Ligand SMILES: *[C@@H]1O[C@H](CO)[C@@H](O[C@@H]2O[C@H](CO)[C@@H](O)[C@H](O)[C@H]2NC(C)=O)[C@H](O)[C@H]1NC(C)=O
Ligand SMILES: *[C@@H]1O[C@H](CO)[C@@H](O)[C@H](O)[C@H]1NC(C)=O
C-alpha cells in the first residue's frame, strides 16, 4: 500500500486484535497481550462513515426515467427520448462505478496511513529508549511495566523518566 | 375485424363552467358517458405482462 505499513514492514494482521482496527501487542515481566488504539480506530471509523454518507448523499438526485409513448410517425422523437434516457443512465452508471473504485483505493490506503502514523507515534515517543526491530516492534532498553506500556499507548510516555536506565543499558550493549 | 369502415375518436378536457356544443347531420358517434377527474397525483402507465400479485 502507499504508506508501506500494512503487508509492508508489518508482515501481516492480527486475528487476535478484535476490539480495534489498529493497536498494540506488548510483552513484559507481567505478561503479554493485545490492546486496541481506540482513538485512531474511532477516527478512522468516523471517516469511513462519512465517506459512505457522502457517496450516497451526492447520488441522492440523479436521473429518473419515465415512460413516454409515441406513435408510428413519431419515430424521430421516440429515438431522441430513448437516447436521452439511456444517455443519463450511462452517465450515472459511470459516476457510481468510478466513484466506488476511486474511493475504495483511498480507503485501503487510509488504513495503511493510519497504521504507519500509529507506529510513528510510538517511535517518536520512545526515541532511543528502545530499539526498532524492523517488523513493527520496539525492544525497550529499560523495564516497561503495565503502567509504562499504557503511557506509550496513550501518548504520555515519559522519556526523561527512563532515559538514564536506558543509557546504561545501551552502553552495556554497545560496550559488548 | 370484419369491417372496412373506420371509427375515429376525439377528446377534450372541458373545464369547470365551460360548455361543449355538438352539431351534426350524420356519422356522429355521440357521448353518453364522460369522465370527471376527481383525483390528480403521481401516476404512470407501466408496461408489463404481469398481473396482480396481492402484495404491498
Ligand atoms: C354553464 O353554466 C353556468 C350556469 O350555471 C353559466 O355561468 C353563469 O353565467 C351567467 C350569465 O349568463 C351568470 O349569471 C351566472 O352567475 C353564471 N354562473 C356561474 C356559476 O358562473 C356558464 O356561462 C355556462 N357556460 C357556458 C359557456 O355557457
Ligand atoms: C495514560 O496512561 C497512564 C498510565 O501510566 C495514566 O496514569 C494516565 O492517566 C493516562 N492518561 C490519559 C490522558 O489517558
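Couple of notes before you dig in:
- Computed helical MRE - 222 nm, chain A, DSSP H runs ≥ 4 contributing -39500 (n - 2.57), nearest 500: -19500 deg cm²/dmol
- Taking A:131, A:43, A:82 in turn, the Gaussian network model of chain A (Cα-Cα springs below 10 Å) assigns the largest fluctuation to A:82.
- Rg over Rh for the protein assembly as shown works out to 1.41, using Cα positions for both radii and the Kirkwood form for Rh.
- At an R0 of 35 angstrom, the distance between the Cβ atoms of residue A:103 and residue B:36 translates into a FRET efficiency of 0.05.
- Look at A:137, A:144 and count the other Cβ atoms within 10 Å of each Cβ; fewest to most, that gives A:137, A:144.
- From least to most packed, judged by other beta carbons within 10 angstrom and beginning with the fewest, A:108, A:133 follow the order A:133, A:108.
- Length added when fully stretched, residue A:167-residue A:70, from 0.36 nm per residue minus Cα-Cα: 26.1 nm
- Extension gain, residue A:2 back to residue A:79 (0.36 nm per residue minus Cα-Cα distance, nm): 23.0 nm
- Between A:95, A:114, A:81, the residue with the greatest mean-square fluctuation in the GNM of chain A (Cα pairs under 10 Å linked by springs) is A:81.
- Rounded FRET efficiency, nearest 0.05, which uses the C-beta distance separating residue A:48 from residue B:19 and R0 of 45 Å: 0.10
The numbers here are math on the coordinates, done by the rules we state, and not lab data. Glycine gets a Cβ as well: all are built from the backbone with ideal geometry, and neighbour counts include every protein chain shown.
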